[PDB]
Number of protein chains: 4
Amino acid sequence: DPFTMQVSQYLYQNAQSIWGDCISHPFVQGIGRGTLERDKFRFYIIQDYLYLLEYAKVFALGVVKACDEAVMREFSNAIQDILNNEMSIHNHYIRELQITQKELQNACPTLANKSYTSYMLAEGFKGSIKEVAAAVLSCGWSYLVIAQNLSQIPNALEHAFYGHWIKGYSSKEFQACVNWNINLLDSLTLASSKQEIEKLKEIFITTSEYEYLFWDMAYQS
Amino acid sequence: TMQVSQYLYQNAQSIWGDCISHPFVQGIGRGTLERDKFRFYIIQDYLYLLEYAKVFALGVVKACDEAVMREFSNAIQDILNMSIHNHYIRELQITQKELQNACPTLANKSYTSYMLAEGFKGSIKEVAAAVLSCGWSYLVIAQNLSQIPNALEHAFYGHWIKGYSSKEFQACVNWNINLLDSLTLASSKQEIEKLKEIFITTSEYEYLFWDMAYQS
Amino acid sequence: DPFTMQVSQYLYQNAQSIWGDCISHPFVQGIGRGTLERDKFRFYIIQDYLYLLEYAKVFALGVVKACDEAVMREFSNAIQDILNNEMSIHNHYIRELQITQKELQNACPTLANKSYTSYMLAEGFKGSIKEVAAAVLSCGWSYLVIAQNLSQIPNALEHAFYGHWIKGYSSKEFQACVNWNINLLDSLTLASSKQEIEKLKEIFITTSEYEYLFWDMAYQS
Amino acid sequence: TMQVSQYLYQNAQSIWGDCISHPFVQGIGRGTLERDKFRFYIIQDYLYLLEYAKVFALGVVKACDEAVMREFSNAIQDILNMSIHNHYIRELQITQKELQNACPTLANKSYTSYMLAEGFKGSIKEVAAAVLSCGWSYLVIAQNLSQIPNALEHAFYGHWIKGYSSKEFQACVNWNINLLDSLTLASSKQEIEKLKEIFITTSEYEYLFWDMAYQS
């Protein structure tokens, strides 16, 4: 440090154009202003519940491929925030849109949803803990910069309905999760070759592409 | 009643119909497809096949029976090693460097990622079901294009049609069909539905692959 | 039900002779009476901490291979009981034997330890959720019948040092964990062929053999 | 300094020494080993090789480079397909049924489970390191037994010694050695220590395998 290349910053820069497209996407801008049609948001949070279920499985690969109790613990904690969290952003909107437990059980993921979660899983499974750390990063990191951007429109945070979502993904606690993921990737890659770095960049960019397509399909509901 | 292979076939015939009548695919059968689109397809399919071979290696690790281990191992070799793609690598002027530098498209990565992930989350049944659409649909596509006519006699496209409708290719598909049937005779109703879901998801990806290939 | 074969009972019966050998093993009988040399127990709880770390990874395979939120949640909860449980039986003896965090970090698993955890992992990875459910069952189930047996010597529960261990593995809460694992295996195998059942039996017996060898190596410390 | 392959070799030479001088192994080299113990070994090693091939399939799935995918795939075929075990299947009277009904011993299952688990938890480096001891130690064992003499000329045991000291077998070991070296030139000190730990763990399992084979 700090005359040395940081791989997280390198991945960040390569994903900027894509995350900018996510920020100005009609679905996301709809959340910021408060104009997004309420059933389009409903469709999204159902799809996102399904998405989060598969996302948890990638973190579980983290537990298996981590060789360090502390990082196993960190991956295990991330799974709990998805599965055992009645305070989570998702369980808030589930009761606000009065979505039934049977509707959740009966819902099908869209192709765009399946493709994304398959990609993270398959790359996790073909690689090591570096690939799992890189595969899960776009999702949290992009949601953070999206929410920090939306966090000033203004009235975006004060919105009676959509305020909770923007506040949730911009909170100090969610920041700490993204920071953990960033730090983990940086600490795992100190000795990585140029070719390895390019592999991780490719994963990070691909998942960023999937995020854009996820917002798209949520809007095209 | 009905074999599970036939049950999955029945539920995908509609998608395979759309594949057969796709501009790219009819393009092969009547020689209208532009060489530049087929070139792009061939590079992508090469990349595709490298990831597809991995699903078969997954079959080696999950097979708990020496006979099917061996069958999966031979399928890896067949995929890798007088291949259709080589012919077209030579016929077009695709270099070894061009192949190594090539990037798979989103549609390509999604499809192979999906087969891998389902294979890894499930058992030998799920890997057998995940790889079946690819082979079987090419067989029926090639059998359909075969009777156009002058499809087989075409100086450029003939080889592709001949290859995927051959006796040896049909035997590979038949192995995959019979394996799935023999792995599933004790499967519950819910298991069969899961396998059906995989088989139609992959058929959708096949359609998107041809589509992606046509956009170039 | 109940004129139908229960696969858990079938596995149980095939493992009885082995679990009986575990019950009357010098190490385990040492716990029951209270005579087990204290540094032999120390060696064991270090090895068992290492063991539990790998055991958690098998439960993580459970999260990835479960296709049902409820069972994912159940596997995730099991991981937490290993990693985020300062009330766990292990963290009790860690402070009682004043075992340092650095000693835990520096400790090597024995072959017998490595072999067992490798076997559960590899079978989990080669199979489906049925194999993971079968691979983790011996450990909890044998510890339960061991503790229920030791639970009457008497004075075994009242022992100032070893009492905590016997009480812990015989508690209503640990019973509920074993019951969950048993129920899960039974519900996953309703349609299993004879050949599949034999595969799961073989896993269950093998892990039972490893348990006996684990106690052995803990005694031969 | 030193190649990592040589570094692992150095740290295991002591265990391989114990393997070379083991009663079972010296038994092969001087024709004293009883046919019944070798028969038992051959059934076990067959079972062993079936699981070992799976670690190589794991190499196919984790190789992110077409050349090494192909090398791993060929290694699966070589393991499966004029094999040493076949010769001894025929020479002794081991039936196809006897092989299918055979159970691997604890020592057998532990060893293969260990290679699988480390391969799956890690990357292509860890699979290359996990499979190396097996091939390399057999090479040095066979090279040692070769000069006894009359070891090679022995009517029963000659073939085994000839096979594991052959040009083609040495080339397989050399591939595995060179692959590990080329996969690790950017590895940190801690990574090298991890790989060393795997390599000596597997060497210990090799010793326990010969031991298990001698107990029958």
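Residues numbered from 1 in each chain as written, not as in the entry; some residues may be left out. Chains lettered and ligands numbered in written order. Heavy atoms only, no water.

**Details of the interface of chain D and chain B**
Where we set the bar: In this analysis, two residues are considered to be in contact whenever any of their non-hydrogen atoms come within 4.5 Å of each other. In short, buried area is how much 1.4 Å probe accessible area vanishes from two parts on joining, totalled over both. Salt bridges are defined as contacts in which a side-chain nitrogen from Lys or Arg sits within 4 Å of a carboxyl oxygen from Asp or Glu. Residues adjacent in sequence count toward polar contacts only when both atoms are side-chain atoms; beyond that, a polar contact is any pair of N or O atoms within 3.5 Å, and within protein one must be able to donate a hydrogen and the other to accept it. Only DSSP runs of H or I reaching four residues or more are called helices, and only runs of E reaching two or more are called strands; each is numbered from the N terminus. Basically, the charged four are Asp, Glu, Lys and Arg, the nonpolar ten are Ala, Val, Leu, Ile, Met, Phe, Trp, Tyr, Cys and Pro, and anything else, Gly included, counts as polar.
Taken together, the contacts link 18 residues of chain D with 18 residues of chain B. Across the chain D/chain B interface, buried area totals approximately 1700 Å², and carbon plus sulfur atoms make up 60% of it. Along the contact surface separating chain D from chain B lie zero salt bridges. Linking chain D with chain B are eight residue pairs in polar contact, by the criterion used here. Listed by contribution, the elements that provide at least two residues to the side of chain D that touches chain B are α3 (35-62) and α4 (66-80) of chain D. The element contributing the most residues to the side of chain D that touches chain B is α4(D), with eight residues. The residue makeup of the side of chain D that touches chain B, split by class, is eleven nonpolar, four polar and three charged.

**Overview of the UniProt feature "active site" in chain B**
Residue and element names in this part refer to chain B. The following threshold applies: UniProt positions are given in the numbering used here, feature names are shortened, and annotations may be inferred rather than shown by experiment.
UniProt records the feature "active site" for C134 and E206 in the present numbering. Spanning 73 residues, the named residues form one tight spatial group whose C-alpha atoms are at most 7.1 Å apart. By the secondary structure assignment, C134 is in helix α8 (residues 124-145). In this structure, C134 is in contact with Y48, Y52, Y111, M115 and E206, ignoring residues within four places of it in sequence. Mapped onto the fold, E206 is located in helix α11 (residues 189-215). Apart from the residues within four sequence positions on either side, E206 is in contact with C19, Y48, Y111, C134, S137 and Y138.

**Regarding the packing of aromatic side chains**
Residues and elements named next belong to chain A. The cut-off we apply is this: Pairing of aromatic side chains requires ring centres within 6.5 Å, counting the rings of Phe and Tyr and the six-membered ring of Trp. Pairs whose planes differ by under 30 degrees are stacked, by over 60 edge-to-face, and all others tilted. Summary of the burial criterion: residues with accessible area below 20% of their type's maximum are buried, those above 50% are exposed, and those between are partly exposed, where the area comes from a 1.4 Å probe applied to protein chains only.
In the structure shown here, the tally under the stated rule is 122 aromatic pairs over all chains. Centre to centre, the rings of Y51 and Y116 are 5.2 Å apart; their planes meet at 40°, and the pair counts as tilted. Here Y116 lies in helix α7 (residues 111-126) and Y51 lies in helix α3 (residues 38-65), a separation of 65 residues in the sequence. Across this residue pair, the class does not change: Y51 and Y116 are buried.

**Quick notes on the nonpolar core**
Applied cut-off: Each nonpolar core is a collection of buried residues, namely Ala, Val, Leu, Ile, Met, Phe, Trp, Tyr and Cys, held together in the definition by side-chain atoms within 4.5 Å.
Among the nonpolar cores identified, the biggest contains 333 residues, and A:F41, A:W165, B:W160, C:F41, C:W165 and D:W160 are the most heavily contacted of them. Ignoring anything within four residues of it in the chain, the contact list for A:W165 reads A:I31, A:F41, A:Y44, A:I89, A:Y93, A:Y143, A:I146, A:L150 and A:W215.

**Topic: the relation of the copies chain A and chain C**
This is how the line gets drawn: Copies are aligned to one another through a least-squares fit of their C-alpha atoms.
In the superposition of chain A on chain C (RMSD 0.0 Å, axial shift 0.0 Å), the rotation amounts to 180°. This pairing of chains is accounted for by a two-fold axis. When C-alpha distances to the rotation axis are compared across chain A, the minimum falls at A:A60, with a value of 2.6 Å.

**A word on the packing of helix α3 (residues 38-65) of chain C against helix α5 (residues 89-96) of chain C**
Residue and element names in this part refer to chain C. The test is simple: In this analysis, axes come from line fits to C-alpha atoms, helices being fitted only over the stretch in contact, and the angle between any two N-to-C directions falls in the range 0 to 180 degrees. In this scheme, roughly parallel covers angles under 35 degrees and roughly antiparallel covers those over 145, while 65 to 115 is roughly perpendicular and the rest are oblique. Handedness of a crossing follows from how the near helix is turned relative to the far one, being left-handed for an anticlockwise turn of less than a right angle and right-handed for a clockwise one.
Running from N to C, α3 and α5 cross one another at 140°; their axes reach a closest spacing of 10 Å. By the angle between their directions, the pair α3 and α5 is classed as oblique. Considering how the two elements wind past one another, α3 and α5 form a crossing that is left-handed. Counting all contacts with α3, which are made through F41, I45, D48, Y49 and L52, the residues of α5 involved are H90, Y93 and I94. Split into classes, the residues belonging to the contact of α3 with α5 amount to six nonpolar, one polar and one charged.

**Side note on the interface of chain A and chain C**
Chain A puts 20 residues into the contact, and the matching count from chain C is 20 residues. Carbon and sulfur atoms supply 59% of the area buried between chain A and chain C, which totals about 1800 Å² over both sides. Considering only the side of chain A, the residues that lose the most area to chain C are A:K57, A:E69 and A:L83, jointly responsible for 29% of the buried surface there. For the pair chain A and chain C, the interface holds zero salt bridges. Where chain A meets chain C, there are 16 residue pairs in polar contact. The residue inventory of the side of chain A that touches chain C, partitioned by class, reads twelve nonpolar, five polar and three charged.

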